[PDB]
Amino acid sequence: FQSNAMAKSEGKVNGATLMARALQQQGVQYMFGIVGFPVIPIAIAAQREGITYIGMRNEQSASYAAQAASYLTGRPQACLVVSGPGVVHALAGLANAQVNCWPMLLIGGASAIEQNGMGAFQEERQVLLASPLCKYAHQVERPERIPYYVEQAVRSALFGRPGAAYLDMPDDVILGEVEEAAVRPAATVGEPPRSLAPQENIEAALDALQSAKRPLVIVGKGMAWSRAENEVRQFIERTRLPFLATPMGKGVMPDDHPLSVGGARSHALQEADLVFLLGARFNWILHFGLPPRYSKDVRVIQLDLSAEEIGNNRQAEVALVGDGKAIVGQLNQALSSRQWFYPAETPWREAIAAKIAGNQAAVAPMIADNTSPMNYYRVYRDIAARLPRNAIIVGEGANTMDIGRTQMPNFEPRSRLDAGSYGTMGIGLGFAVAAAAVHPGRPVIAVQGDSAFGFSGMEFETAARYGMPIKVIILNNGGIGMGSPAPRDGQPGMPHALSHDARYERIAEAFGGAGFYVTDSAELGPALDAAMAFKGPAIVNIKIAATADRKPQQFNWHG
Amino acid sequence: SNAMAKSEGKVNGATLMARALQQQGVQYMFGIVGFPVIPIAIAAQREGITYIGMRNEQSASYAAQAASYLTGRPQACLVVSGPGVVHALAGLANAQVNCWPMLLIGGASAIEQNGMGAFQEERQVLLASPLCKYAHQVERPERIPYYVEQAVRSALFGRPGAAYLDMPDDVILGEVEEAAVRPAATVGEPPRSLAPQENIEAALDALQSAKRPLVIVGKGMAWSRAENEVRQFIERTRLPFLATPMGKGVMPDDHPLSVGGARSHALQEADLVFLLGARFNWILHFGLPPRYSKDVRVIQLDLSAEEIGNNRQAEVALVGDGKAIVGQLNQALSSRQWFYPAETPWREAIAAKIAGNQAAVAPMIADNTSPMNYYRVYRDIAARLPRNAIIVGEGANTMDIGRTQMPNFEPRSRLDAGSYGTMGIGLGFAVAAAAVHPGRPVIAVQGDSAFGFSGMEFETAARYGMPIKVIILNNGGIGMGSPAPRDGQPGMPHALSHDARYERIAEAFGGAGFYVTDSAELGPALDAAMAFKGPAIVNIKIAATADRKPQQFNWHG
Amino acid sequence: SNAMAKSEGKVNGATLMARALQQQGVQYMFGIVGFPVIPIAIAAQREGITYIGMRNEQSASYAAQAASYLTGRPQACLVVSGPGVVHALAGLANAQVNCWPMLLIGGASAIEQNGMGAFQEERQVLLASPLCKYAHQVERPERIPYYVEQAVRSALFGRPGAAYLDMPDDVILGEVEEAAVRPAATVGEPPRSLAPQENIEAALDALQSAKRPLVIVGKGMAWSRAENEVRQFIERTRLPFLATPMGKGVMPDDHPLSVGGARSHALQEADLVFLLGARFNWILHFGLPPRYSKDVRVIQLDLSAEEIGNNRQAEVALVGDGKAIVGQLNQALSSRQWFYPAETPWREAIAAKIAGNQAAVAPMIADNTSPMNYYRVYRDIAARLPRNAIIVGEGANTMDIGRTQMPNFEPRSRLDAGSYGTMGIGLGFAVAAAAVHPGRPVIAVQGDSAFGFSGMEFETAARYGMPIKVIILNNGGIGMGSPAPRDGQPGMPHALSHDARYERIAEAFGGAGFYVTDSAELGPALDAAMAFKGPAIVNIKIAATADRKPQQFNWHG
Ligand SMILES: CC(C)(COP(=O)(O)OP(=O)(O)OC[C@H]1O[C@@H](n2cnc3c(N)ncnc32)[C@H](O)[C@@H]1OP(=O)(O)O)[C@@H](O)C(=O)NCCC(=O)NCCSC=O
Ligand SMILES: CC(C)(COP(=O)(O)OP(=O)(O)OC[C@H]1O[C@@H](n2cnc3c(N)ncnc32)[C@H](O)[C@@H]1OP(=O)(O)O)[C@@H](O)C(=O)NCCC(=O)NCCSC=O
Ligand SMILES: CC(C)(COP(=O)(O)OP(=O)(O)OC[C@H]1O[C@@H](n2cnc3c(N)ncnc32)[C@H](O)[C@@H]1OP(=O)(O)O)[C@@H](O)C(=O)NCCC(=O)NCCSC=O
Ligand SMILES: Nc1ncnc2c1ncn2[C@@H]1O[C@H](COP(=O)(O)OP(=O)(O)O)[C@@H](O)[C@H]1O
Ligand SMILES: Nc1ncnc2c1ncn2[C@@H]1O[C@H](COP(=O)(O)OP(=O)(O)O)[C@@H](O)[C@H]1O
Ligand SMILES: Nc1ncnc2c1ncn2[C@@H]1O[C@H](COP(=O)(O)OP(=O)(O)O)[C@@H](O)[C@H]1O
Ligand SMILES: Cc1ncc(C[n+]2csc(CCOP(=O)(O)OP(=O)(O)O)c2C)c(N)n1
Ligand SMILES: Cc1ncc(C[n+]2csc(CCOP(=O)(O)OP(=O)(O)O)c2C)c(N)n1
Ligand SMILES: Cc1ncc(C[n+]2csc(CCOP(=O)(O)OP(=O)(O)O)c2C)c(N)n1
Ligand SMILES: [Cl-]
Ligand SMILES: [Mg+2]
Ligand SMILES: [Mg+2]
Ligand SMILES: [Mg+2]
């Protein structure tokens with residue numbers, strides 16, 4: 001049938017189409033998840049409006065992909081999960097997005113309202129389970145209110161401190177029909193509001209910088225979310241202050257900028273008398289701004305959108321509450337009427353240069369060491385020389401990610417996605433799929449350890465199914481953080497042990513991708529060149545030394 | 001060196017944790033190590049506990065509750081702080097829905113760093129509480145034996161459920177004097193309770209008055225270890241019975257009194273239904289029309305008093321343990337002279353519907369054409385299933401059709417999506433079954449979608465020498481295949497890869513992989529996989545449009 | 001007019017809610033009306049339900065659970081949206097801690113206005129859930145009979161607890177055809193369940209071997225309506241027993257086998273303790289040292305299997321209903337021929353310690369000097385309590401000393417702060433008792449601090465003609481008086497008004513007020529208050545430093 005010559009009603013619309021039109025109206029371009037009861041019509045309706053749907057292999061990776069796409073696009077992107085266990089699997093993405101202050105829209109199906117209390121198929125208190133992990137969580141009780149709830153959730157997830165929003169969609173709401181003309185419209189959510197700091201706070205910030213003898217600027221991913229790279233790069237060029245990038249703050253300032261103190265991080269944090277926080281929290285990543293990693297009398301200028309975050313752990317001398325791009329614009333404006341810049345010759349620049357040269361001399365022999373099995377720094381020598389300038393880099397593991405953080409530079413903002421503020425394993429291939437869906441014209445390279453790849457390695461089939469040429473590089477030392485000798489007979493396997501002889505790259509051959517196995521330093525170069533030139537996804541399985549480690553440091557990263 | 005003097009009067013929280021777990025009968029611990037639970041896993045191995053490192057906490061949390069169901073005592077799940085606990089919330093929810101015991105042990109950031117934004121600091125007890133029978137943080141190391149005892153008892157006693165113990169870093173590493181730690185009692189078997197005698201007699205009176213009676217055997221009886229009692233009751237009453245999905249095995253599926261081949265007719269026409277440890281939830285279609293008679297009479301045997309009369313009123317309430325109460329029914333039946341007659345119109349209608357459904361699927365079971373349908377595939381699978389095997393089913397058509405084509409003869413020998421209808425339990429359940437029962441064959445039959453939820457755990461099986469048999473029925477999508485995405489249009493949301501070579505994942509970890517497209521290959525491939533001394537994967541490219549047999553009603557409705 | 005044609009086919013949610021509550025035995029409804037629950041209370045009265053409007057939702061939620069405990073079925077508390085439900089969270093938490101049934105019915109803003117910031121919009125199911133056995137929102141009017149039946153069943157069956165139903169405005173006012181409303185079954189009596197016979201015999205084995213046995217009668221037996229079987233068990237075993245605070249009355253407090261006068265000695269020296277519906281929580285001092293023997297043996301009779309062996313291991317577990325299991329023990333006592341011997345050293349030590357404690361308080365009971373101590377005041381109070389009275393006790397010294405000086409001879413005749421130690425239950429419990437048992441005297445004895453929590457509810461009693469007798473023991477502070485502040489110093493945080501004339505609050509609402517400062521006034525004032533046909537307040541000013549009898553251990557420790 002379906003003949004156009006035949007009369008049709010064509011005056012009604014159902015909840016799935018309203019959800020699709022509302023999502024597209026609010027800038028949702030990507031939807032990751034796994035279909036089934038009752039959200040099959042939602043994914044189909046999303047495709048009719050132009051929303052790109054991506055079927056994953058686990059809702060855990062799907063929820064991670066939604067927030068990564070949100071951080072990259074700047075607007076909340078969707079995750080579609082089924083009722084019951086589909087939502088519980090997605091709680092991983094809600095908690096992770098909450099800790100990173102990233103937006104996210106989780107759309108979870110539910111059993112029909114008329115069956116509540118009966119023990120229906122996958123009936124669950126889904127709003128209650130998700131509420132403590134979301135900025136916004138509500139159930140859409142009737143289809144004609146879908147435009148209201150979608151605009152509500154997107155605005156709550158995008159405005160202020162970004163967080164996750166959850167919308168519960170019962171099956172009878174998805175399938176319920178309403179008159180096309182009887183549905184109330186909803187306004188389109190615009191750019192998140194930016195606010196400014198008082199003028200006396202701006203001048204007090206510039207005064208404190210001039211009074212500092214060993215100043216240090218710390219650039220966090222809050223500035224990347226603000227798209228403040230232009231303002232920050234103008235601020236560092238105008239002030240000539242040394243800066244330190246956070247893990248995912250890399251790229252906002254080019255990693256090869258001569259004012260970076262990355263190769264002297266411990267000394268810079270320890271000896272600085274004044275610290276300028278740019279969208280960065282004094283949490284575990286920055287060692288709480290307290291001893292034994294900071295001077296007891298460290299002075300703090302804190303720029304954060306959340307007023308409650310000011311003075312946490314270490315008191316802030318100058319508070320700058322508001323948007324990063326807007327406030328740094330003020331600082332650049334107020335600097336134009338001043339002749340102060342950090343002088344070109346100070347003992348502080350002298351000490352930073354020495355510590356950078358000292359740390360480079362410590363890792364230099366390991367970078368050149370060609371003996372097999374290879375160490376971490378030897379592996380990254382061949383990786384780094386082949387990472388394009390506009391690449392998007394996903395990092396996951398312990399030594400693989402942390403050493404890769406210092407060996408893989410980023411010259412553009414929002415081009416690094418790692419374990420983040422939650423220290424999460426399982427974001428690897430989910431972040432890569434999101435990066436490959438948002439920037440299909442840019443290279444996507446995921447560098448994971450053997451343990452990290454096992455959390456989401458099945459998502460490699462997702463990439464090959466949607467033609468995503470993701471370059472997965474596995475650093476297999478045979479365990480979690482460290483290799484282990486093979487157990488004697490009767491001796492159980494070590495709890496951290498994995499499979500050092502595993503051929504993870506054959507998973508790529510299972511889904512039409514390219515697989516490469518490396519055990520010798522002479523194989524590494526040609527194996528990476530082949531995986532880069534391969535028109536499709538690839539896996540390079542590098543068997544590294546079991547005892548390999550990072551260069552020694554005065555303090556432990558966790559302490 | 002033993003010559004050097006050493007102080008030995010102190011013990012930390014990880015070792016007290018291991019000793020308490022071993023004392024309470026915890027034999028298996030699944031999880032992934034890392035800060036701060038590494039000492040817990042190491043100390044557990046020192047006390048003889050079997051630790052099994054998984055590839056995702058999601059599968060680890062599913063394996064723990066499966067081992068708890070098989071062993072009959074709460075088993076452990078060890079996860080790191082923060083996202084390790086959040087990833088394991090899947091198992092807590094699934095254990096809660098199935099009324100299975102489970103003990104989740106989650107690490108936590110140091111207490112003295114709370115509020116500072118510590119690494120993986122999280123309100124873990126608050127998140128897990130709505131999914132647990134019991135949830136509490138261990139504040140001091142000297143109270144570990146107390147909390148482990150109370151947690152295991154709360155998971156095991158009464159209606160079983162999940163328990164959670166939060167272990168901060170400072171508690172794990174904190175030392176205490178060994179002679180000062182307060183001992184804890186050992187949690188015994190879950191207490192059993194009986195029904196009043198007039199309830200037992202009223203239940204037998206209702207059975208004798210029924211013209212079309214039906215006993216429904218649920219997995220509560222499998223949990224209660226009541227197979228001997230149920231078998232005696234069915235044998236002496238001659239009552240027809242229907243087995244729930246995981247209730248299969250309590251009665252052997254080849255028993256002549258089974259109505260499984262006429263399930264829809266039995267539920268719709270029965271004038272009396274005897275629920276043995278089974279809920280009137282979605283699996284039994286709520287005991288209501290259009291699947292049941294409006295006047296259906298219910299005898300309900302359940303351990304939870306609040307469950308009696310849900311959806312459909314219960315004429316006779318039997319609240320208590322399934323083994324003890326069926327034992328009462330066997331004893332009260334001795335003092336009578338009744339069994340359901342050997343020739344009734346009810347028995348003839350059941351036999352006629354059974355034969356009718358047999359003739360409906362007979363051409364599909366014999367059809368050798370390629371690509372094969374589901375029933376043709378299971379003809380070779382069922383012919384090679386040992387009678388003592390443990391069967392893991394996962395998917396939609398693969399699991400549902402596998403439920404009718406793969407019979408069970410021992411209780412607690414099928415593990416499927418369960419009452420939650422969960423995808424992601426496949427290889428986690430198989431790893432659990434392979435650990436608890438190393439001398440028995442473990443066969444997991446999954447769809448191509450269900451295998452992707454936990455397919456990484458094949459490395460866990462190969463690393464621990466578990467000869468798991470994974471048979472993948474690949475139709476190229478979720479529930480149904482799909483033609484190629486054409487005309488520049490996107491792929492269908494349910495579509496996966498029909499040409500995927502999942503068996504190559506087995507060769508990634510030293511296992512054996514077999515690829516089957518033709519019906520002539522299925523036999524030799526299954527023979528080789530079963531004889532291979534190690535884990536194996538059989539990937540079968542079935543027809544994209546293959547479906548189950550037509551029914552009067554949809555399974556969900 | 002009746003001559004006019006009217007359409008009687010439709011019915012709204014408020015009327016359906018009323019008929020469902022009446023069908024499920026809800027006779028009493030306490031609360032405060034307003035948006036949107038006004039049609040609910042009016043509909044309840046139209047079905048014969050007694051509605052009682054309180055002055056605070058705190059006392060309403062408390063009066064509901066007390067009326068439930070007194071009737072044996074869940075009674076209703078009706079509150080408005082937002083702050084009405086939050087004010088009622090007090091009763092939910094208290095009902096959960098005491099294992100008492102309760103049905104809280106909370107109004108809610110219209111569903112079509114959710115997310116808009118509607119009047120008193122609140123996540124009311126989410127806030128109430130961690131305090132209820134059952135919490136759910138009624139989404140459509142046609143499902144009201146279903147939700148009311150399931151809520152009453154959840155609150156009544158198993159271990160009792162609180163139930164919450166969320167009633168949105170559009171559900172209350174929404175209409176549906178009567179003929180299409182799905183009917184609901186009537187929730188019957190809570191199911192009882194027996195203990196296995198080998199546990200019954202093992203329990204009697206332990207009792208025969210014990211040299212110093214002690215039975216403890218908890219209020220779980222009073223809820224089970226087991227007074228007949230407990231009185232038969234004690235009489236035939238001739239065992240010493242100890243009543244818990246609200247377990248008083250199950251056995252008559254004047255029974256010669258009571259060890260109430262030697263409570264501390266009986267607990268510390270007993271080699272076997274028989275818990276009858278009593279927990280080893282703070283009330284029974286955890287069954288642990290320094291209040292019990294290290295190696296004390298425990299027979300524990302509880303309905304909750306998870307409660308067995310808490311703090312102190314249970315040697316013999318008796319999981320099931322109190323009345324039913326004690327009935328088994330009485331049957332098994334016939335096959336035996338054992339009683340605890342008439343002359344044992346254990347009986348001589350109990351009698352000597354009872355006589356010692358009476359000689360320690362005898363001078364205080366006899367001291368006629370004014371201002372009076374606690375025991376002198378209770379001398380005239382106890383002599384004027386009818387044997388069929390209902391005693392409400394609240395405060396610290398007032399309640400604790402009143403527990404030992406006001407005997408109960410019938411069960412479920414005493415209501416006090418309970419397992420939560422709540423201040424604010426006084427006048428709410430009294431209104432509940434006066435509503436449920438109008439033919440019995442209701443005497444409430446409160447401290448000055450406890451009366452301030454709910455004293456405004458005296459207007460409710462006068463408004464409904466409840467002759468509640470309120471006796472205030474005013475020492476001018478919380479647990480202890482205070483010298484008036486001097487030298488410009490601030491008032492003590494525990495101090496109140498020692499010269500307050502609380503009895504004038506009774507005169508504000510037509511009741512009778514009496515003020516007492518000397519022992520010569522106490523008698524005549526109590527007589528005139530008991531005879532006054534109406535509610536009354538007797539305000540007694542006691543010595544600021546009056547205290548309880550000294551003990552070896554503090555009640556809390
Ligand atoms: C918390 C941290 C920000 C702390 O940072 P650090 O590791 O201490 O500093 P890094 O920037 O990583 O650099 C490490 C050291 O290398 C030096 N360094 C940096 N760059 C260079 C270059 N280019 N050349 C030579 N040396 C270099 C730098 O000065 C440091 O030495 P020094 O100056 O001498 O210190 C980070 O470790 C982190 O985010 N880790 C992730 C934790 C996580 O999520 N793990 C996964 C879950 S773990 C499951 O248990
Ligand atoms: C809810 C159910 C218990 C309903 O059971 P049914 O499928 O209706 O009955 P089944 O026992 O499975 O058998 C199906 C039909 O085959 C008949 N049958 C049974 N055994 C046989 C044999 N041996 N031979 C021939 N025919 C048989 C039986 O009488 C039924 O026909 P009729 O008598 O004619 O009916 C079950 O479908 C179920 O639990 N499904 C799991 C749902 C799930 O979790 N899916 C994954 C998530 S789905 C994501 O959206
Ligand atoms: C926790 C308790 C069960 C502990 O019981 P005890 O007070 O120790 O025992 P009681 O039965 O009350 O009796 C106390 C003592 O009086 C003795 N006693 C009892 N009857 C008599 C008679 N008739 N004559 C003489 N002496 C007697 C009894 O043997 C005890 O002495 P000895 O045997 O010599 O010890 C109880 O105190 C309680 O429930 N308190 C409630 C606390 C509360 O909720 N407060 C409100 C919130 S508090 C705000 O901070
Ligand atoms: N638009 C914005 N402008 C300024 N600050 C922001 C903005 N958005 C988020 N932030 C802040 O950035 C902070 C994120 O810091 P964090 O993620 O800990 O940085 P890092 O982990 O890179 O050190 C949050 O406290 C958040 O309040
Ligand atoms: N020892 C026991 N005795 C009796 N019933 C039990 C026991 N343990 C659990 N149960 C009950 O068994 C029921 C399980 O039902 P369900 O999982 O729905 O069965 P199925 O899914 O096999 O139909 C639960 O309601 C639970 O209360
Ligand atoms: N019908 C019943 N039969 C037996 N025990 C019951 C019954 N109903 C409730 N209980 C149990 O009685 C116990 C109440 O003890 P508790 O409130 O501590 O009494 P007390 O305060 O007098 O010591 C609870 O553990 C509850 O599970
Ligand atoms: C969700 C989650 N699970 C587990 C961990 C614990 N742990 C921290 S890093 C890591 C993997 C480290 O090993 P690997 O990925 O192989 O990198 P390597 O250090 O060996 O190079 C894990 C599993 C975690 N942080 N998060
Ligand atoms: C955690 C979870 N996610 C999603 C679903 C939805 N859905 C129901 S069955 C199923 C898989 C069905 O496909 P498959 O495993 O290939 O079996 P098939 O029917 O195709 O043979 C899924 C994903 C679910 N039930 N649980
Ligand atoms: C809801 C609540 N509020 C406060 C308390 C604290 N406190 C315990 S008893 C009590 C009052 C005791 O004093 P009173 O009622 O005057 O009797 P008294 O001991 O003075 O004779 C209070 C307020 C409590 N237990 N519960
Ligand atoms: Cl090179
Ligand atoms: Mg590794
Ligand atoms: Mg499929
Ligand atoms: Mg007082």
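Draft legend 1. Structural detail: the pairing of strand β9 (residues 213–217) of chain C. All names here are of chain C. With 5 of 5 residues buried, β9 lies mostly within the body of the structure. Of the two faces of β9, the one carrying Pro213, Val215 and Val217 and the one carrying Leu214 and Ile216 are both buried. With 5 bridges joining them, β9 and strand β11 (residues 272–276) adopt parallel strand pairing. Counted as the bridge partner of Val215 is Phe274 from β11. Taken together, the 3 bridges between β9 and strand β10 (residues 241–243) define a ladder with parallel strand orientation. Its bridge partner lying in β10, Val215 is registered against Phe241.

Draft legend 2. A look at the site of ligand 8. Ligand 8 sits among 24 residues. The nearest are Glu59(A), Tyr374(B), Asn397(B), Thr398(B) and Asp448(B). The local environment of ligand 8 is shared, drawing residues from chains A and B. The separation between a nitrogen atom of ligand 8 and a polar side-chain atom of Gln122(A) is 3.4 Å. In the environment of ligand 8, an oxygen atom lies 3.0 Å from a nitrogen or oxygen atom belonging to the backbone of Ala450(B). Protein chains shield 94% of the accessible area of ligand 8, which is 590 Å² for the free molecule.

Draft legend 3. Up close: the nonpolar core. If you look at the biggest cluster of nonpolar residues, it comprises 327 residues, and the most contacted ones within it are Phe32(A), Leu320(A), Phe30(B), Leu318(B) and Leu415(B). The contacts of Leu415(B), once residues within four sequence positions are left out, are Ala66(B), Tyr69(B), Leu70(B), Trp100(B), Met246(B), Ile390(B), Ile391(B), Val392(B), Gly393(B), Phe429(B) and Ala433(B). Within the second largest apolar cluster, 151 residues are counted, among which are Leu92(C), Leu156(C), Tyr164(C) and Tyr502(C).

Draft legend 4. Summary view of unusual backbone geometry. With omega at -5 degrees, the peptide bond leading from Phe37(A) into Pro38(A) counts as cis. In this structure, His285(C) takes a positive phi of about 60 degrees despite not being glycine. By the element assignment, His285(C) lies in the loop between β11 and β12 (297–302). Accessibility expressed as a relative area gives 10% for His285(C), which makes it buried.

Draft legend 5. Geometry of a nonpolar patch on the surface. Taken together, the side chains of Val33(C), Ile38(C) and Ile42(C) define a hydrophobic patch exposed on the protein surface, amounting to about 240 Å² of accessible area. With respect to the helices, strands and loops of the structure, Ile42(C) is situated in helix α2 (residues 38–46).

Calculation rules
- Residues numbered from 1 in each chain as written, not as in the entry; some residues may be left out.
- Chains lettered and ligands numbered in written order.
- Part of a larger assembly, values for the part shown.
- Heavy atoms only, no water.
- Buried < 20%, exposed > 50% of the residue type's maximum accessible area, 1.4 Å probe, protein only.
- Helix = DSSP H or I, 4+ residues; strand = E, 2+ residues; numbered from the N terminus.
- Pairing = 2+ DSSP bridges.
- Near = heavy atom within 4 Å.
- Polar contact = N/O pair within 3.5 Å; in protein donor to acceptor, adjacent residues only side chain to side chain.
- Areas by Shrake-Rupley, 256 points an atom, 1.4 Å probe, with all protein chains shown as cover.
- Core = buried A, V, L, I, M, F, W, Y, C linked by side-chain atoms within 4.5 Å.
- Contact = heavy atoms within 4.5 Å.
- Patch = residues over 30% accessible without salt bridge, like charges linked within 9 Å, V, L, I, M, F, W, Y side chains within 5 Å.
- Salt bridge = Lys/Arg side-chain N within 4 Å of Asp/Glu carboxyl O.

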